[PDB]
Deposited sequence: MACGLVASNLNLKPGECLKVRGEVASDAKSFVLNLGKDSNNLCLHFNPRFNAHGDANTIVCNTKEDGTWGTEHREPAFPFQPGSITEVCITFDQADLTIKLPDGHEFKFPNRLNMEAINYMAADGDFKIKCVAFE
């Protein structure tokens, strides 16, 4: 499976920039953010067509949001940026388009990040 990072201590206003290579045969990939594997403030699941976003609280999936698809290209290097406040997480897509996603679990920090095997993380930065 993909890169896993803990003790991130990402605070409100701070920006998490993840650059990675989308598999040439990928039909989807996954980026999870939160406190741990069972507590996610953001399950980011683009599908090669829609973007599924959800939360997880104590292992229990929340209600999915679906955003309009982003034309991620297989075999290419793409970049996603995540910021958050008490109210919303903001997800910036490569084309500069943004959407918001509620901070339903009222997380005060993002400490956990994980990608799956369909998204090879090449670069993580905290801005």
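Asks: As a test: can you identify every run of the deposited sequence that has no C-alpha position in this structure, in order?
Replies: Gaps in the modelled chain, taken against the deposited sequence, lie at 1-2, 51-56.
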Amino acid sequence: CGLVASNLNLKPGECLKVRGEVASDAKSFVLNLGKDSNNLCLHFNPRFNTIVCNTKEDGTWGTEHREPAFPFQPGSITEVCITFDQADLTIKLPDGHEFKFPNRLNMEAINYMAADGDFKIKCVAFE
From here on, numbers count along this sequence of modelled residues.
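Asks: Is the mean CA B factor in the deposited entry higher across 95-103 or across 32-40?
Replies: Higher mean C-alpha B-factor: 95-103.
Asks: Higher average CA B factor in the deposited record is what I'm after, so tell me if that's 71-79 or 50-58.
Replies: It is 71-79 that shows the higher mean C-alpha B-factor.
Asks: Where does the C-alpha B-factor of residue 65 rank in its chain, lowest, middle or highest third?
Replies: Lowest third.
Asks: Going by the recorded CA B-factors, say which third of the chain residue 109 sits in, lowest, middle or highest.
Replies: As the PDB entry reports it, the C-alpha B-factor of residue 109 lands in the middle third of its chain.
Asks: Considering every modelled residue of the chain and its Cα B-factor in the PDB entry, is residue 16 in the lowest, middle or highest third?
Replies: Bottom third by C-alpha B-factor.
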